[PDB]
Each structure stands twice: as C-alpha cells, then as structure tokens.
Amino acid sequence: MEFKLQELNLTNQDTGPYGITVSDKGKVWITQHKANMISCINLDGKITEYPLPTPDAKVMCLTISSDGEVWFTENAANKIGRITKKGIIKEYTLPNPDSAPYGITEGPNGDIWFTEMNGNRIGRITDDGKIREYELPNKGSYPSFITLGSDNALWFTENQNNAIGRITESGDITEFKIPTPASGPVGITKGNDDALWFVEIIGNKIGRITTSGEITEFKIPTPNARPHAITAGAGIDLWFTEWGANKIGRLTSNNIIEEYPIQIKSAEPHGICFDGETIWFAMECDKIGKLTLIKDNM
C-alpha cells in the first residue's frame, strides 16, 4: 500500500484544527482551537460551523456519543460541551477551577468520560448533566487521552507519571508504569486486536498494552517524531500522527512501521481517525488531510 494524500480547506484559514472524529455515516467532525469552533464536513464536502458560546475556550478533543451528539472539551474555559441533534450547544462548567479538561470518550453504559489534565482527575458526566470526578492517586500525573477498552474499562495516558491508567465504572483505578523511562504517553486508542495502543512523545515509540496490563513497545523509525495521536485502521493496523516530524505513521503487518511524509511546511498533524477507507487528520497548518492506500495487485 503506497498512497494518495489530499488536503481540504476549512471555511477560514489558521483556525487551528486539532481533534477529529468521523460519524458512522461518514461525516467528519473537528475542533478548531484558534477559531474557537467545531466544524462538520458532510459527504458532499459542505462545512457547517458551530462557534462555541464561550470565547477563548481552547477546544481540544471531541467524541460522538451513541445518540449522535457531539461532546467536547474546553481546556482553557474549564468546561465540557455538547452539541445536541438539534444543533444546540450546551456547556457544563467543571466544579474545580482550572481543571483543564482534555481527552473525552463514551463509557460502557453511555456516560461521557474525560481527563482533567491539570485537575489530576477523571470526570464522568451523565445525559442529565451530573458530574462526578475521581482523583488520581499521584499528584501531577497529567492524564491526557482516554478511550474505552475491550474490557469495558476506560484507559488513559498519564503524560507526566509515565503510566497507562485504567478506570472502571465502579471507580477502580489501576496504573501500569511504562518500561521506557519518562516516555510521555499521549494518544491512546483501542486496537482491533483488543489491546490498547498508545504513543510516547519522548520515548519515540508505539506502545501496546493488553487489558491485563502487559506492555510491549515498537520504536518509531524517525527520530524526534513527537507522535501525538493514534487510531485503529483496518485489521491490526494502527495509524498515528508524527506532529514533530510532519508525517503520518502506520504500524502494520509484522509490526513494521511505515511513514508517509506530509508535503506541507509545518503541517503539525494532531488528531487522526479512520472511516473504514480513508485516514483523516487535522493539521495545525490549518487544513484537514485525507490519506488513502491503494490496494495491491497479483
């Protein structure tokens, strides 16, 4: 699989596209941290803007819930946002000041779970807007990305505790120290192999952790790649952003890592998602990238 890369333009330039996800019907949703908005791109390529109600909110991550609503984090404004199916945005303020919400995902029973990077907590909010939080055991852990595991627990990275965290719906928190010292785990996601796969921004590795906590690691070919986010592709593929190297990485068959250069000065790729055919990513340079592999012959 060699490839095709297309860039798409958002409604404005320099909007700071950052998080990205795709609905089951193929609509791409993005956060734009400089423009302070969320955008949806339909299949026909038409863009709908959702400007945040709160100015200077530093919108970071987003997720689409089972009921089709879009939930997101406002990192600077200390808020969780929600876009209803009616297009209406509702914001909920976190109880403790300067909690710095960051990663967000749906839990096993439908609540929305998130990390509070500076607050040093995991939060959970119900459909009715009730917020509940779990303090992490060690100060200054900087919990970052979060995802739902195959074991129905939430798995997250602790960027400054060099650990992968697991929290269950009942509040059991377990931490698994990473073997590479001070490795700076950032993105995490569920692999199709039912393990969790993460990136080490400093360790410069892709990590794999089983639901029982067994870790293996794979060195990224490009030095100082500063990998950020990761997502499952088809089968055992994991696709990741090399924010520092301006590349898209792919861990594939036999754990070979392939790298695809993005052909754009200071691209700074951040979020990444896969819609089944196309790998979509957000670049700080202000465009959305679409990467597609060409099938093999004979």
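Note that residue numbering follows the sequence shown and begins at 1.
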item	value
Greater mean Cα temperature factor according to the PDB record, 81-89 or 147-155	81-89
Which of 44-52 and 261-269 has higher mean CA B factor, as the PDB entry lists it	261-269
Per the PDB entry, maximal CA B factor within 62, 232, 229, 245	245
Residue with maximal Cα B-factor (values as given in the PDB entry) among 109, 204, 138, 174	109
Entry-reported Cα temperature factor of residue 129, expressed as the chain third it lands in	middle
Residue 17 - which third its CA temperature factor falls in, relative to the rest of the chain	middle
Lowest, middle or highest third - CA B-factor, residue 221	highest
Chain-wide C-alpha B factor ranking for residue 251, given as lowest, middle or highest third	middle
Chain-wide C-alpha B factor ranking for residue 28, given as lowest, middle or highest third	highest
